[PDB]
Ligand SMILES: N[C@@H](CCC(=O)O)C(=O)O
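Here's a solo chain for you in structure tokens, the form deposited without the ligand.
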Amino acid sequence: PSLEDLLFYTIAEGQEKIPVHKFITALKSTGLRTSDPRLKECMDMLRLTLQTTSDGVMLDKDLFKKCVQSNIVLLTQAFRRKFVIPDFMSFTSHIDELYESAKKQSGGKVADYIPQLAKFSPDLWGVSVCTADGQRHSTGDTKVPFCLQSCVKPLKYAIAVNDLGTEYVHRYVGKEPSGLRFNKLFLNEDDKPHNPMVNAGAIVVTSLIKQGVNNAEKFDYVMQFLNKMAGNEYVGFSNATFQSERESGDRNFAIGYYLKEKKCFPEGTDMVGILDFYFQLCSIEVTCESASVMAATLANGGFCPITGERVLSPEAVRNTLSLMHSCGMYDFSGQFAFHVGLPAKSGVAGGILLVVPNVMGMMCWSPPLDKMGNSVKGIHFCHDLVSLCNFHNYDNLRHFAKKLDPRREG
């Protein structure tokens, strides 16, 4: 018979008509959101159907078939456990417990150099997960908005390489980490910044994106890009943080003039204008939830997991994850790579963009920072997750000891 109601008998159990509330509760348990863009046709029909028959609320064979025929491919995969994490309900409990285990880590100091980011209660703590199949889960303050800050750095690097290619972008900027407390330097021996993840590298990267338009079009061009990446979830902009960031980044200006004087920018660059653009991209706002989609886009070869849409070339995404692995956690990058072994990127607002390649993207957020600039709970969470799961970049898929593999059965 048909795909469309092989799947029916599947959910229908023994009876002949599936309640609407049952089917929905099934769908939700596969971790799909009833607001999933890929499921719009089917949810709209259901809603239309609840209207045109108060008479209900149960779906027979053909009623079910005229709702799910629209998105039958994605609905089949979800219901037959063909997603990257099959028992997703089990998984999210573990996530919750990791969350609670972290929440108890009261250490750290809120970034206060800008008045805006000391307006956030330290209590706040959120984690959001988006799988490469569009499975979602959150716990904590995942709907509070904050600035990306340095979390934006791999995102705009990715745009450059997507628009300009590996070879060109790296005429201007390095690809290695700089060395334990080989820190205070701006350029390396070839008079390029060390990599996209440091400020000096980021600033140069900013100067390549959409060259030859003004700092309003460049800004919108990038937001368009991020909007696609986040499946059109929340992507705002705090100007309060921008005016503060600019009237305060003396160090950044030092970096600007230093790069100028050493001719690090492309020909015909307006350096002070790049600095405003840079301060702007730092002020872009996300929620845990929206960011986790973005991260999942990196986790998913560049295709946005909840829309299907190709946002980034594989070349861009691969390049980006490579530098997040080595340069992503300020002076904690070497330790984080050893013990965690995941691409991550931290920002001074308490955010940590985290990617488990081929599995999921995440965003942890908690304002209080440790001595190295990283979110304390965020760090504790990340070490826990890889203690529990074989997610380390050099964990084994076949032999992994006491760990748990969310990619498998029971």
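Numbers for residues come from their place in the sequence shown, where the first is 1.
Keep in mind that the form deposited with the ligand bound is not shown, yet the notes after this line are about it.
Looking at the ligand in the deposited bound form, residues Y113, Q149 and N199 each place a heavy atom within 4.5 Å of it.
Stretch 343 to 351 is the contacting one of 343 to 351, 356 to 364, 27 to 35, 62 to 70, since its residues have non-hydrogen atoms within 4.5 Å of the ligand in the deposited bound form. For the candidate set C282, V286, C327, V127, a heavy atom within 4.5 Å of the ligand in the deposited bound form is found for exactly one residue, namely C282. The listed set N215, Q77, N232, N252 contains one residue whose heavy atoms approach the ligand in the deposited bound form to within 4.5 Å, identified as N252. Looking at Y157, you'd find every heavy atom of it more than 4.5 angstroms from the ligand in the deposited bound form. Contact annotation for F336: none of its heavy atoms lies within 4.5 Å of the ligand in the deposited bound form.
For the chain shown alone, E245 is a contact residue for the ligand in the deposited bound form, at least one non-hydrogen atom being within 4.5 angstroms.
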